[PDB]
Novice: 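Could you have a look at this structure, given as structure tokens, before my questions?
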Amino acid sequence: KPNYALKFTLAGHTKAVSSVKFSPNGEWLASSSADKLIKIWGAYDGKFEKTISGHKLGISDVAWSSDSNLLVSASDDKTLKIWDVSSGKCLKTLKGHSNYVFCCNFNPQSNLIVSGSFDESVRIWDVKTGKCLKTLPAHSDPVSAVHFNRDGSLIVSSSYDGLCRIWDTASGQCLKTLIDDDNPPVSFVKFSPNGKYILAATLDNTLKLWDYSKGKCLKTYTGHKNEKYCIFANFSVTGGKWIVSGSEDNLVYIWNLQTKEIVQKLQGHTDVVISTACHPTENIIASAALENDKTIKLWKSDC
Ligand SMILES: O=S(=O)(Nc1cn(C2CCCC2)cn1)c1cc(Br)cc(Cl)c1O
């Protein structure tokens, strides 16, 4: 079992936090918020670095380029913005979605951005030009998450319509649709580190690890509370093999990947833990909570 202990508590956002992400080089934490801001913090001691502003409405998600030099944000103002982190400047505004943009990610090459929206589409954008390359009629309800696999050749998307879909990046074709009988809304999905599985959260207090080639559920992780909010889940790859998620009972849950047992619950937050992120090289977790709690917390474990 890990022994995550609280090291720093960070404050500054003035409305609900929506997303926290560590930069791939491990140097920074980015947070996004309904207060329309992105904030950058030192990954190791939480030292505030800068505020990045320009969206006209709140932000649901942020994501880093592989060289840690760019951010992309997804906003209720129906746009994504590409940011130069060092300058704070908006390089491009990605226009095309017809409603709130809920989720975004760079591909590993970071020449493309994928986005998902309340407008039920997935869009693929050229980073250099800001042009939308493809619009995929991906789902029949808001798109809750979009993620590239480790070589960039596939996209996975999830939706409140109950589906997870696998897309060929280059062609835009749907290669696979994952289905559940009770059809609970899918609130989050991402590829596993080795690219063979997808981890999917559903709004019935359940995380599932799917082999999407076989269309088979291999693991289920339960015990937490998740019936309302889009709460990310993470693979922890630096020490023991853990699954990490926030929860609507104000705790961070950590599970053993293979046995599905809860190995730790992190207490401290005073509201829903809306987002967590795992550091790329150290056993460090960042957690963020909703507008009653107002903090981001940094935790460290020996394994
Ligand atoms: O999910 S994984 O991509 N690979 C994987 C799967 N399993 C078992 C076998 C099938 C079900 C779970 C073991 N390793 C992965 C997860 C974590 Br946390 C860390 C790393 Cl390093 C990693 O590679």
Side-chain angles (χ1 to χ4, degrees), residues 1-5 19-26 29 43 63-64 66 105-109 114 145-149 151-158 164-169 175 178-180 186-202 205-213 215 217-224 226 231-247 251-266 273 275-287 298-303:
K1 304 182 160 164
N3 63 346
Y4 279 95
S19 178
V20 292
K21 302 285 175 70
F22 284 109
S23 58
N25 65 10
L29 186 74
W64 295 90
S66 290
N105 257 315
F106 284 92
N107 62 348
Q109 308 98 299
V114 63
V146 287
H147 185 234
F148 283 98
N149 71 335
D151 72 356
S153 65
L154 304 177
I155 296 159
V156 64
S157 67
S158 51
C164 287
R165 277 179 163 149
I166 301 283
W167 308 85
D168 180 67
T169 301
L175 304 188
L178 301 184
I179 298 204
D180 183 278
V186 188
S187 46
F188 179 80
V189 70
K190 80 185 297 186
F191 283 103
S192 68
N194 74 357
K196 295 182 191 323
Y197 316 116
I198 62 160
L199 178 67
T202 45
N205 320 285
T206 306
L207 285 160
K208 284 174 210 83
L209 189 70
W210 292 83
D211 182 322
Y212 62 87
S213 321
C217 177
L218 300 180
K219 303 288 172 185
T220 317
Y221 310 94
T222 66
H224 64 314
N226 187 20
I231 297 181
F232 310 152
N234 330 113
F235 296 86
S236 181
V237 307
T238 51
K241 296 190 182 203
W242 322 120
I243 300 293
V244 178
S245 182
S247 171
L251 302 166
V252 179
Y253 281 67
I254 305 179
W255 293 265
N256 183 305
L257 173 80
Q258 186 90 231
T259 74
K260 310 163 285 177
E261 286 189 49
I262 295 166
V263 297
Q264 218 187 337
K265 303 179 189 184
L266 315 184
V273 180
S275 171
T276 56
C278 289
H279 191 273
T281 62
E282 299 287 323
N283 306 318
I284 293 180
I285 289 167
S287 60
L298 295 175
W299 318 76
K300 168 72 183 313
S301 163
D302 298 318
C303 71

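Every number for a ligand or one of its atoms is a count from 1 in the order of the listing. Sequence positions, counted from 1, serve as the residue numbers for this chain.
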Novice: Return the set of residues passing side chain to side chain donor-acceptor pair (under 3.5 Å) with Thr238 (not counting sequence neighbours), or none when no residue passes.
Specialist: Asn283

Novice: With a 4.0 Å heavy-atom cut-off, what residues sit around ligand 1?
Specialist: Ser192, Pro193, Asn194, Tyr197, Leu209, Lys219, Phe235, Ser236, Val237, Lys241, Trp242, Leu257, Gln258

Novice: Could you work out, with side chain to side chain donor-acceptor pair (under 3.5 Å) as the rule, every residue matching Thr206, not counting sequence neighbours?
Specialist: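 So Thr206 forms a side chain to side chain donor-acceptor pair (under 3.5 Å) with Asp204.
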
Novice: As a test of understanding, state which of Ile262, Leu257, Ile254, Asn256 forms a side-chain contact (heavy atoms from CB on, under 4.5 Å) with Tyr221.
Specialist: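 That would be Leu257; it is the only one of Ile262, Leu257, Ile254, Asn256 passing the side-chain contact (heavy atoms from CB on, under 4.5 Å) with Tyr221.
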
Novice: Counting N and O atoms only, with roles assigned by atom type, does the side chain of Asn105 sit under 3.5 Å from a partner on the main chain of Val114, one being a donor and the other an acceptor?
Specialist: no

Novice: Under the side chain to side chain donor-acceptor pair (under 3.5 Å) test against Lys208, which residue among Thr220, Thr202, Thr222 passes?
Specialist: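 By the side chain to side chain donor-acceptor pair (under 3.5 Å) criterion, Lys208 pairs with just one of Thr220, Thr202, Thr222: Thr202.
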
Novice: Side chain to side chain donor-acceptor pair (under 3.5 Å) with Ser236: which residues, sequence neighbours excluded?
Specialist: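 With neighbours one apart ignored, the set is empty.
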
